Amino acid sequence: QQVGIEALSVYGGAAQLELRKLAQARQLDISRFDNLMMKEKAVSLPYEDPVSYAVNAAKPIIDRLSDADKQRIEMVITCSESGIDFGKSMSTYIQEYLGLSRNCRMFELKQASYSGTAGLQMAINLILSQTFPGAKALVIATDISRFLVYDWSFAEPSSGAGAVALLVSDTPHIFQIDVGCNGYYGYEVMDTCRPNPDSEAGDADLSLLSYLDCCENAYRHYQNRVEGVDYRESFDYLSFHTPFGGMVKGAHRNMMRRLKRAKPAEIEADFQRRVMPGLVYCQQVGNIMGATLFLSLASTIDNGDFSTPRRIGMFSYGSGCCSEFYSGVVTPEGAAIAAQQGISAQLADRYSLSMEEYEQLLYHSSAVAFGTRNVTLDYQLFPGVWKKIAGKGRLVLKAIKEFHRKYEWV
Amino acid sequence: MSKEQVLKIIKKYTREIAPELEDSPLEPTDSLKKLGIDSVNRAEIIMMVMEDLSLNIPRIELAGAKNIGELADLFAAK
Ligand SMILES: *P(=O)(O)OCC(C)(C)[C@@H](O)C(=O)NCCC(=O)NCCSC(C)=O
């Protein structure tokens with residue numbers, strides 16, 4: 001039974017902040033964030049939210065589908081830790097603006113950055129159940145970091161915005177899943193959390209240690225289920241949830257040292273070959289939470305070598321915590337399809353914020369705080385940003401009226 | 001093994017991770033952050049000390065110390 005990702009599409013925001021500018025503004029050495037492998041973070045405008053990010057991520061997928069295939073989408077799962085209601089899923093808005101069938105299960109899934117993987121596994125199981133032959137699922141991981149001006153200060157350099165949309169089916173043109181090859185591990189821990197709206201709290205040091213424990217244990221569980229698997233030999237590439245690149249390098253190093261007793265230069269060559277390709281796009285958006293592992297997958301595919309089919313190992317983590325290691329295969333044909341999406345070009349055309357604009361954006365973000373009943377957005381908040389959006393067929397948040405969010409194609 | 005013995009092992013791997021501290025004095029009240037070792041290297045030090053002591057327990061059990069003296073205490077207790 002064949003199953004996996006049929007189509008993958010990314011939205012990396014309309015604007016970004018160069019972390020070297022954040023460093024200069026805090027009189028840090030420019031090399032601090034370079035040391036940690038961080039370059040830019042995507043930043044959500046006040047007239048964007050996770051729904052608009054999700055729709056912009058999914059629109060290219062839906063645009064390419066026949067009417068018949070679009071109607072085969074019978075589940076929409078939104079995976080987020082940036083929800084806009086305690087009960088209403090963002091999937092309802094997403095269905096509305098993508099024009100999907102009313103015969104569709106719709107819901108939202110939460111477990112910090114593990115949400116995307118959980119959604120993907122659920123979609124996989126729908127296909128494998130064979131309850132509805134031909135049905136497809138749309139899984140969209142979408143997150144923003146709308147912090148208002150703190151508990152969240154520790155995360156400011158790393159907290160990005162982005163969405164990745166996956167179409168899941170029995171014709172996996174992009175990523176063919178290794179069925180049953182899954183290990184998972186979780187336990188309650190207070191490493192980071194989002195206990196207040198528009199905020200985040202945490203002990204980053206605890207979270208990094210927890211990530212490392214889960215990386216080891218989720219993989220061991222996979223290894224116990226997949227006889228003969230080898231951490232170097234079985235995986236051509238490795239993609240990870242990437243809060244920032246430096247910690248993924250550290251995790252890979254820990255794994256190689258433990259499982260393969262590899263020497264330091266050997267580990268660094270293995271890192272560059274197998275892990276660095278996935279970090280390329282991640283370094284341009286920052287931590288985009290539940291979508292980050294999927295962006296890492298897209299990055300691995302665009303930036304790695306797929307002249308023969310390749311197996312990618314995937315490690316998902318979410319604070320709180322839960323984690324999963326799983327795998328699949330990408331063919332040369334799949335890589336060629338993915339390349340047509342033009343992610344690198346999309347990311348390069350975003351507006352580069354000054355530190356002054358960024359601080360103003362933080363200040364203006366309050367207008368669309370969680371719980372806002374009525375707001376009308378000024379699209380000319382930053383005229384220069386608007387010029388980079390207008391005419392591109394982007395969805396934006398126009399207004400909230402009596403809690404009802406209204407979006408516009410611009 | 002003692003709190004003071006462990007503390008000497010923490011000092012060694014700290015100096016190894018951050019060579020500019022080779023000669024500087026290290027007090028039990030010094031914090032790795034203020035020294036200032038980055039987030040990844042703070043975890044690396046913990047893991048090197050764990051491996052040196054053959055301590056095969058969850059890494060999170062070494063979290064939460066505010067300075068290297070408290071970290072020594074945390075290890076000493078395991
Ligand atoms: P250190 O050198 O002190 O720097 C830590 C940095 C990278 C600056 C800080 O921004 C950080 O550690 N961020 C990561 C925290 C985080 O979001 N972890 C991943 C969880 S994703 C999720 C919600 O599951």
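Counting convention: from 1, in listed order, for ligands and their atoms alike. Residue numbers start from 1 in every chain, and the chains themselves are labelled A, B, ... in the order their sequence lines are given, proteins ahead of strands. All values below were derived from every heavy atom in this structure, side-chain atoms included, with hydrogens, water molecules and symmetry-related copies excluded.
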Query raised in the report: Side chains of A:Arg20 and A:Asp34: closer than 4.5 Å at any heavy-atom pair?
Result: yes

Requested in this report: Please determine if A:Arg274 forms a cation-pi arrangement with A:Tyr231, meaning its NZ or CZ atom is less than 6.0 Å from the six-membered ring centre and no more than 45° off the ring axis.
Outcome: yes

Query - Student check: side-chain heavy atoms of A:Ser159 and A:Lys41 closer than 4.5 Å - result: yes

Report task. Looking only at protein heavy atoms, identify the closest one to atom 6 (C) of ligand 1 and say how far it is in Å. Result -> A:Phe154 O, 4.2 Å

Report summary line: If you scan protein heavy atoms around atom 16 (C) of ligand 1, the nearest is A:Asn287 ND2, 4.1 Å

Report task. For A:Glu156 and ligand 1, answer yes if some heavy atom of the residue is under 4.0 Å from a ligand atom, otherwise no. Result -> no

**Report entry** Per-residue contact class, A:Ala204 against ligand 1 - non-hydrogen pairs under 4.0 Å
**Finding:** side chain

Query raised in the report: Parallel, tilted or perpendicular for A:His364 and A:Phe382, by the 30°/60° rule?
Result: perpendicular

Query - Proximal atoms of ligand 1 relative to B:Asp38 (non-hydrogen, under 4.0 Å) - result: 2 (O)

**Report entry** A:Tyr93 six-ring centre to A:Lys88 NZ/CZ under 6.0 Å and within 45° of normal
**Finding:** yes

Requested in this report: Between A:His241, A:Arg194, A:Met247, flag the one that comes closest to atom 21 (S) of ligand 1 by a heavy atom.
Outcome: A:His241

Report summary line: Ranked by distance from atom 18 (N) of ligand 1, the top protein heavy atom is A:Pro243 CB, 3.8 Å

Query raised in the report: Any idea which part of B:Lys33 is under 4.0 Å from ligand 1, heavy-atom wise: side chain, backbone, both or neither?
Result: neither

Query raised in the report: Can you tell me the protein heavy atom closest to atom 8 (C) of ligand 1 and the distance?
Result: A:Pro157 CG, 4.0 Å

Query raised in the report: In terms of ring plane angle, is the pair A:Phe271 and A:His252 parallel, tilted or perpendicular, where the classes change at 30° and 60°?
Result: tilted

Query raised in the report: Can you find an N/O atom of A:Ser113 closer than 3.5 Å to an N/O atom of ligand 1?
Result: yes

Query - For A:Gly318, atoms of ligand 1 separated by under 4.0 Å from a heavy atom - result: 24 (O)

Query raised in the report: Which one holds for A:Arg32 and ligand 1: side chain close, backbone close, both close, or neither close, with close meaning a heavy atom under 4.0 Å?
Result: side chain

Query raised in the report: In terms of the angle between their ring planes, are A:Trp152 and A:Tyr150 parallel, tilted or perpendicular, with boundaries placed at 30° and 60°?
Result: parallel

**Report entry** Sole residue of A:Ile312, A:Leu293, A:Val179 in side chain to side chain contact (heavy atoms under 4.5 Å, CB included) with A:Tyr326
**Finding:** A:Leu293

Query - Ligand-residue contact atoms, ligand 1 with A:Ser158, heavy atoms, under 4.0 Å - result: 9 (C), 10 (O), 11 (C), 13 (N), 14 (C)

**Report entry** Option set A:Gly286, A:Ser210, B:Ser39, criterion heavy-atom distance to atom 2 (O) of ligand 1, minimum
**Finding:** B:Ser39

Query raised in the report: Is there a donor-acceptor contact under 3.5 Å linking the side chains of A:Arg394 and A:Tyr11?
Result: yes

Report summary line: When distances are taken from atom 20 (C) of ligand 1, the protein heavy atom at minimum range is A:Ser319 OG, 3.5 Å

**Report entry** Pair A:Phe325 + A:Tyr219: ring centers closer than 6.0 Å
**Finding:** yes

Query raised in the report: Tell me: protein heavy atom nearest atom 23 (C) of ligand 1, and distance?
Result: A:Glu81 OE1, 3.0 Å

